[PDB]
Amino acid sequence: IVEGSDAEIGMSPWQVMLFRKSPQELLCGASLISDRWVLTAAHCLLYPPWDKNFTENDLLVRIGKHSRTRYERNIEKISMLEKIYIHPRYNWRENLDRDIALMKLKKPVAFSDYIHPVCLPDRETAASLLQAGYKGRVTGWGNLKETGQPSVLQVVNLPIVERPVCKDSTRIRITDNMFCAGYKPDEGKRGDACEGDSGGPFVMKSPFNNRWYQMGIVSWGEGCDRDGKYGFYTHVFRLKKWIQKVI
Amino acid sequence: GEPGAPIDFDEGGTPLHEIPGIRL
Amino acid sequence: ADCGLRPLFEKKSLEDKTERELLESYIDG
Ligand SMILES: *[C@@H]1O[C@H](CO)[C@@H](O)[C@H](O)[C@H]1NC(C)=O
Ligand code: NA
């Protein structure tokens, strides 16, 4: 996260760390959506153009965490993956269309003060919150500057951007399965996800029922926190039918 | 006020990896 | 059923340091 701040303890209890067993390193973010299901981006697990192809036994999930590196005993919970489900029409060849994956934990995780699932949006929620200029929240342990990791989980709040503005900031072909977020050069504030934050949640707090909803998945961007560029997020609601038949 | 993404369900171009500084 | 309500915030009627910024962006003006 660029231009963010430390998260508070318990601020993002759905945040999941996808940790590479060997070599020991942060692979991606993810989110907890049930006691046994974790949501992430498909390209965190599968990206042939960079020879990336991770199976269940390559990865560990670490849930409840705050420190990027310290074992948090009686706070964090480690888990192993039963099965990985990548969207059948995930387009790794071009633009990362349908950048979504689900992961089943080998055993369900007990919830706690630090571990708690995020909601997925309904149609009513998606319609009320997915409006240009409304701010979501992005969290992760990714890099603080373009291409230098934080001590603890970082947080930044970012506005959803009008679709024609998103499409005009990039040469990439943008699909209805993506939205973009970020401040514009003349907005005074800044902030972005960066390397390491991929697959984490873009969440919004409903003013109607006080609950946090995962509206997006950290998918891709051009640089980190560049003027005139914006982060692109998987449009979670539009893919809910696929999320459905997996569980 | 303006929708940032459509509320229906899911039913060429340059590849991301060719963009300089691409963040994945 | 309990999703998205945080034990250390919503369940204790405590706001985090910046969730007001989010709510404030949802109002049009
Ligand atoms: C990725 O998945 C498995 C992992 O072992 C590998 O055998 C397969 O050839 C790979 N396929 C692609 C399209 O990368
Ligand atoms: Na920017």
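All ligand and atom numbering here is 1-based and tracks the order in the structure. Chain letters run A, B, ... following the sequence lines, proteins first, then strands; residues in each count from 1.
Protein-derived N/O/S atoms nearer than 3.0 Å to the Na ion (ligand 2) total 2, waters excluded.
Side chains of A/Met103 and A/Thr40 form a contact here, defined as non-hydrogen atoms less than 4.5 Å apart.
At a threshold of 4.0 Å, the pair C/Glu21-A/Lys135 counts as salt-bridged, since one of the basic side-chain nitrogens sits closer than that to a carboxylate oxygen. Under 4.0 Å is where a charged nitrogen must lie from a carboxylate oxygen, and between C/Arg6 and C/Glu15 no such pair does.
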Below 3.5 Å only, please: the N or O atoms of ligand 1 paired with protein N or O atoms, distance on each line.
residue  : atom   : partner : partner atom : Å
ligand 1 : 2 (O)  : A/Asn53 : OD1          : 3.1
ligand 1 : 2 (O)  : A/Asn53 : ND2          : 2.6
ligand 1 : 11 (N) : A/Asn53 : ND2          : 3.4
ligand 1 : 14 (O) : A/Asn53 : ND2          : 3.2

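For the residue pair A/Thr170/A/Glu222, the side-chain donor-acceptor check at 3.5 Å is satisfied.
Annotation: the span from B/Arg23 atom CZ to A/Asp192 atom CG amounts to 5.0 Å, rounded to 0.5 Å. Taken from CD in A/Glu124 to CG in A/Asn209, the straight-line distance is 10.5 Å, to the nearest 0.5 Å.
In this structure, A/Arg123 is positioned above the aromatic face of B/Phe9, its NZ or CZ under 6.0 Å from the six-membered ring centre and within 45° of the axis.
Here the rule is side chain to side chain contact (heavy atoms under 4.5 Å, CB included) with A/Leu18, and of A/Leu59, A/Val61, A/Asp58 only A/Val61 fits it. A ring-ring contact (aromatic ring centres under 6.0 Å, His included) with A/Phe179 is found for one member of A/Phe202, A/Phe237, A/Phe232 and no other, namely A/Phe202.
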